[PDB]
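Engineer: In my numbering, the protein residues as written are 1 to 155.
Note that beta-carbon positions come from the ideal geometry of N, C-alpha and C, so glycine has one too.
Provided herewith is a single structure, encoded as structure tokens, for subsequent inquiry.
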Amino acid sequence: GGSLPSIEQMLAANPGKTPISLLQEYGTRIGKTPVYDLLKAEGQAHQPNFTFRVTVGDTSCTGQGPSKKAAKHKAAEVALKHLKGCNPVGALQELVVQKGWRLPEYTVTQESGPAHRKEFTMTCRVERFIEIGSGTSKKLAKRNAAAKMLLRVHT
RNA sequence: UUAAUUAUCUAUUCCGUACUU
RNA sequence: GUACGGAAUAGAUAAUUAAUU
């Protein structure tokens with residue numbers, strides 16, 4: 001024995017990872033390697049679209065998204081199935097500036113999460129209002145802190 | 001040696017919104 | 001003049017997984 005879990009069980013063993021990384025682990029057991037190809041790269045520089053294809057043995061599938069991370073993610077998940085066979089920060093800036101208040105400021109108040117995934121806690125400050133948010137990135141903690149503050153400063 | 005993934009920093013290119021002059 | 005967001009490319013740093021030497 002000592003063999004790896006089934007292709008269904010490995011999904012539940014590491015559901016926090018991308019389907020790309022699970023295909024990279026599964027490929028070695030079957031003697032295949034998931035080859036990744038960029039099928040499309042176009043956009044109006046404001047709403048672009050990308051396409052990825054993945055190849056595993058005698059099978060290949062595609063996926064798309066507004067970024068190469070989202071497009072590769074969709075193409076990878078599709079292979080496992082066959083193998084199993086507006087800005088809140090900007091909206092706040094417009095609100096604070098329209099009411100005649102001073103510009104907002106952002107500062108990190110905490111850090112957590114292991115370095116392979118990370119997390120952050122960010123604070124927002126306004127002329128008299130203050131609020132906090134969190135996320136896997138400083139900008140992502142900022143967008144959350146702004147989203148909660150939009151409820152604080154608005155009616 | 002090869003493949004896959006997140007975060008931080010720096011540089012380059014493109015695009016949008018608000019405020020001010 | 002100031003503030004904010006999105007996509008792509010390059011360099012540096014930290015972390016995680018699989019295969020191989």
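1) With distance defined between alpha-carbon atoms, name the residue in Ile20, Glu25, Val97 and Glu94 nearest to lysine 68.
2) State the beta-bridge partners of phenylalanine 120 as determined by DSSP.
3) For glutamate 131, collect the residues of the same chain with a Cβ closer than 7 Å to its Cβ; drop the 5 residues on either side in sequence, then sort them by chain order.
4) Can the beta-carbon of residue 177 be found closer than 8 Å to that of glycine 43?
5) Can you give me the Cβ contacts of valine 108 inside the same chain, cut-off strictly under 8 Å, excluding the 5 residues immediately before and after it?
6) Spatial neighbours of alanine 75 within its chain, please: CB distance less than 7 Å, with the 5 preceding and 5 following residues excluded, ordered by chain position.
7) Using a threshold of 8 Å, state whether the C-beta atoms of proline 34 and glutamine 24 are closer than that.
8) Label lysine 99 either buried or exposed according to how many other C-beta atoms from any shown protein chain fall within 10 Å of its C-beta, with 16 as the threshold for buried.
9) Helix, strand or coil for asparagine 144 per DSSP?
10) By the 10 Å Cβ neighbour count, where 16 or more other Cβ atoms means buried, how is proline 104 classified, buried or exposed?
Structural biologist: With the structure as the only source:
1) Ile20
2) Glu111 and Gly135
3) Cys124, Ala145, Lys148, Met149 and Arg152
4) With the chain covering 1 to 155 only, the question about residue 177 has no answer from this structure.
5) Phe120, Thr121, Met122, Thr123, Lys138 and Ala141
6) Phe52, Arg53, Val54, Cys61, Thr62 and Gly63
7) yes
8) exposed
9) helix
10) buried
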